[PDB]
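Reconstructed Cβ throughout: ideal geometry from the backbone, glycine too, with neighbour counts over all protein chains shown. Please treat every number below as a calculation from the coordinates, not as lab data.
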Amino acid sequence: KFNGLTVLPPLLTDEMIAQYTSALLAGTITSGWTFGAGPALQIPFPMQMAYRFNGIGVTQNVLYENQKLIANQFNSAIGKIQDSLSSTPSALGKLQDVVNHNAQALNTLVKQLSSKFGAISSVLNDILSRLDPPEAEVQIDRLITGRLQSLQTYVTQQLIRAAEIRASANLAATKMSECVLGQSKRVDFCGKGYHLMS
Amino acid sequence: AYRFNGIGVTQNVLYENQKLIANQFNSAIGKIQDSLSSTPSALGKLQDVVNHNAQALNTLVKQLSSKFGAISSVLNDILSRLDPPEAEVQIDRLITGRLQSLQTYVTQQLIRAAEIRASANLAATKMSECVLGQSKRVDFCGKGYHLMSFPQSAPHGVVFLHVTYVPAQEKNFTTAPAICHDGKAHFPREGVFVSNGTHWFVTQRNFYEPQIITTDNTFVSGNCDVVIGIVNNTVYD
Amino acid sequence: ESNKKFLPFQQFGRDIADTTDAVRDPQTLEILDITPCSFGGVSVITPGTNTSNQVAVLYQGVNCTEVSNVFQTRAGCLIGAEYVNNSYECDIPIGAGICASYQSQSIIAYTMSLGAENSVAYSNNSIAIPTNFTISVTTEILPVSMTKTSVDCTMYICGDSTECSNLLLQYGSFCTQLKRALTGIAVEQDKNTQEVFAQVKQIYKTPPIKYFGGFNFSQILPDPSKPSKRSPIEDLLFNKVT
Amino acid sequence: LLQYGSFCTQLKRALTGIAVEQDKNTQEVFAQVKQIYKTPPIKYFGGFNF
Ligand SMILES: *[C@@H]1O[C@H](CO)[C@@H](O[C@@H]2O[C@H](CO)[C@@H](O)[C@H](O)[C@H]2NC(C)=O)[C@H](O)[C@H]1NC(C)=O
Ligand SMILES: *[C@@H]1O[C@H](CO)[C@@H](O[C@@H]2O[C@H](CO)[C@@H](O)[C@H](O)[C@H]2NC(C)=O)[C@H](O)[C@H]1NC(C)=O
Ligand SMILES: *[C@@H]1O[C@H](CO)[C@@H](O[C@@H]2O[C@H](CO)[C@@H](O)[C@H](O)[C@H]2NC(C)=O)[C@H](O)[C@H]1NC(C)=O
Ligand SMILES: *[C@@H]1O[C@H](CO)[C@@H](O)[C@H](O)[C@H]1NC(C)=O
Ligand SMILES: *[C@@H]1O[C@H](CO)[C@@H](O)[C@H](O)[C@H]1NC(C)=O
Ligand SMILES: *[C@@H]1O[C@H](CO)[C@@H](O)[C@H](O)[C@H]1NC(C)=O
Ligand SMILES: *[C@@H]1O[C@H](CO)[C@@H](O)[C@H](O)[C@H]1NC(C)=O
Ligand SMILES: *[C@@H]1O[C@H](CO)[C@@H](O)[C@H](O)[C@H]1NC(C)=O
Ligand SMILES: *[C@@H]1O[C@H](CO)[C@@H](O)[C@H](O)[C@H]1NC(C)=O
């Protein structure tokens, strides 16, 4: 490999994304939904939880008289998540398929260089040092016509994959805007049940 | 007033501040023009399409004058100079090259059409939701609490003017989840309890407008032992 | 020099990509590993032409030893840019969190800044309530359509010659699919426009007297004076785009 | 290969556009707010554990 192909690094490192996520988490913890539509306004967490409970049709005294039970249930549900992720083998399959496909395409492109496409040999130097120019022109033309199609196919496949990746990114951005920065009433958009937080 | 009531603000807020709101809206509408006038990059998306199309067409034409591994790129010279039984190879090479170019152009246009259609579908949904109604989805029709929208046309595109509401000039206050009185708990129907240091009032959540506490604004619903952080104060009957 | 345990009956050596990377000595008994000579890509970082005339050179994927002093970044080797300590918004992206800008005046490379730090106070019994509002207006621009084109295979591939047309028949029907696809795209453009704009079943007319409780809509309503009957904002948008 | 037409610049352009869009996607998704909030030094959110 690495005989004409290069991989560029992303503009944003792996720490800036973590900083962005931490900022979002702090904003949604200490301010509720108010930090996504203007200046951030402080509010105690149980009070915003009461607001969220009222947002789904349940009065505040239900939460205020059941604070410890809800806190314990939330703690247990959060704790089980790590075990759920670790136990299931093919949990992060979608994020692995991208890497697998991107490696497979490059491997196929590299391996395509060892095909004759119809010629005496598949190495330019041997053809140049073995035959006269009048036949070397034909051999070189054959090899060029062989390789151009492979390059075009690779480019087309990359474009087609990029379209789907962009669609998924748009969906993720919409989900971040709607489920995280505020509550949602769309059914099954953010989880299964009546949405509270994200 | 109806639109103001749709985000959590009472009508008397608008009815007592009509001139200020009208002046703010007029100032924003007047100022919006200079934003489009300067920074010409803003209409980038509406321009690239045009540019792209032109570029593509140009390339196709410039692909006509190419040898494609032949003697010449003109059919007449190939026909005249070489005898017809041999000129077939050159004609075939030229035909293959031009067919490949046409196929590439067609495939590129086919790929671009899908993205254009997706953008058009998003624009249609935005016109359906933001213009002909009021939207609760966050950051969909603007930035803030959505109030209304106005459409305008443009070459190969649409422009949306979103009019939204943004809070400002906040202030700190002390709050309690409930109020204890005569051994009974009281919770606010809609709003929040606020103390200015000595007294206690109940207000909304988006505009400071304190009111005296009365059994009309609250419901009892329980006792004064389960709740944590409950403070006790008198309630006017 | 070779480091692998060459079996004493083989001559060549290949890899996963099937490339020669080991040659047996023709005069002695030794194997030599062959590695390609260093190569990379070159990028030029410049501000606007009518602002200065200096440039910076980025060699991608190489160390600075293989080549306003030099600098080594995760993306490669930078030459002509001076590193600094501060952090601003990105001006010309380069690589992994490294940007360049123009600022005597020279070209400085730095680490981009995410934003201004903030820390909202949090307590068990405190709240913040606003006391005033602001009405804001923003813009959103969306493309809707595309240019509709059509092509002719016979006139493009061949000119007025008939031999080319006769030879073209040997390729079958490789020139009827193209017309079908182009026609489909052309129809889809009109479908997109009709779906986006044709939402009302009737044509409404504004009253001649325009007093909407003090609000002023003169900058968005159509202007009778202009022959095209377009709003000033619409006229500006139509003039801006070429 | 020089006399085969401009079949290579239009191959570089597509890859460049793909890379630019890929770099833009992360900025669109994550970079929503432009202020870096921080949690309080003492963590007690009404009994909830984060
Ligand atoms: C709420 O904000 C408005 C707008 O900033 C304030 O109205 C301004 O008041 C100042 C003080 O005299 C005037 O100079 C400005 O001309 C007013 N603005 C407009 C658009 O007329 C208003 O006073 C603020 N109210 C509170 C309670 O803070
Ligand atoms: C509604 O806004 C328009 C736009 O500003 C006002 O038209 C202005 O009228 C004044 C009065 O002579 C002129 O000096 C300005 O040049 C006009 N503006 C433009 C852009 O031409 C109009 O007066 C406003 N409506 C009312 C009732 O005041
Ligand atoms: C929040 O949950 C974490 C995870 O259980 C708690 O950390 C545990 O604390 C206990 C007591 O010190 C230790 O025995 C465990 O080993 C800790 N777990 C881990 C994974 O380190 C943490 O204490 C909880 N928060 C509060 C306020 O109790
Ligand atoms: C509220 O209090 C915090 C710290 O106690 C302070 O930083 C903030 O400015 C206060 N808010 C107002 C509106 O004064
Ligand atoms: C708090 O509100 C009471 C209610 O009448 C008022 O008498 C008092 O002056 C107020 N104090 C402050 C500091 O605003
Ligand atoms: C009122 O609340 C205080 C705590 O702030 C408490 O000490 C007191 O006993 C309460 N009043 C009554 C009558 O219980
Ligand atoms: C410097 O270049 C050499 C190439 O000879 C390379 O092996 C080395 O890793 C480079 N230095 C760093 C820090 O990458
Ligand atoms: C900051 O400046 C010091 C010199 O005071 C230097 O050693 C250090 O490398 C600089 N750091 C950055 C990130 O520029
Ligand atoms: C708020 O009250 C809780 C309840 O115990 C306490 O843990 C916390 O320390 C209090 N906040 C401050 C700033 O003291």
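A few points about this structure:
- Folded to 0 to 90 degrees: helix D:9-30 orientation relative to chain D principal axis, Cα: 10 degrees
- Listed peptides A:97-105, B:90-98, A:166-174 by packing density, highest first (mean Cβ within 10 Å): B:90-98, A:166-174, A:97-105
- Neighbouring partner chain Cβ atoms per residue of B:216-222, average, 10 Å criterion: 2
- Theoretical gain in end-to-end length, A:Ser87 to A:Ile56 [0.36 nm per residue, Cα-Cα removed]: 7.8 nm
- Taking the helices alone, the protein assembly as shown has a mean residue ellipticity at 222 nm of -13000 deg cm²/dmol, built from -39,500 (n - 2.57) per DSSP H run of at least 4 residues and averaged over all its residues.
- Between the helical axis of A:14-30 and the longest alpha-carbon principal axis of chain A there is an angle of about 20 degrees.
- Long pairs among A:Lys80/D:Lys24; B:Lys126/C:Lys201; A:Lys68/D:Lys43; B:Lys171/D:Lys24, criterion Cα-Cα beyond 26 Å: A:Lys80/D:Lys24; B:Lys171/D:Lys24
- Calculated from backbone phi, Karplus (6.51, -1.76, 1.60) coupling profile of region B:75-92 in Hz, x at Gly/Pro: 5, 5, 5, 5, 5, 6, 6, 9, 5, x, x, 8, 5, 4, 5, 5, 4, 5
- Peptide B:64-76 has a mean of 3 when you count, residue by residue, the C-beta atoms of other protein chains within 10 Å of its C-beta.
- The phi-based Karplus calculation (6.51 cos²θ - 1.76 cosθ + 1.60; θ = phi - 60°) puts the 3J(HN,Hα) values of region C:82-97 at 9, 5, 10, 10, 7, 8, 10, 5, 5, 10, 10, x, 10, x, 6, x Hz, whole numbers, x for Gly and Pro.
- Sequence-distant residues sharing a close amide H with B:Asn232 (under 5 Å, placed H): B:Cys180
- Dipole moment magnitude, nearest 20 debye, region C:173-242 about Cα centre, only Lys, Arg, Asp, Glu C-beta charged: 140 debye
- Computed from phi, the 3J(HN,Hα) profile of region D:38-48 under the Karplus parametrisation 6.51, -1.76, 1.60 (θ = phi - 60°) reads 10, 6, x, x, 9, 10, 8, 9, x, x, 6 Hz, with x in place of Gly and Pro.
- Summary of packing: across the peptides B:220-233, C:12-25, B:126-139, the per-residue average of other C-beta atoms within 10 Å ranks them, highest first, as B:126-139, B:220-233, C:12-25.
- Average other protein chain Cβ within 10 Å of Cβ, residues A:3-9: 5
- Counting only Cβ charges, +1 for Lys and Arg and -1 for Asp and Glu, the dipole size of the protein assembly as shown around its Cα centre is about 1660 debye.
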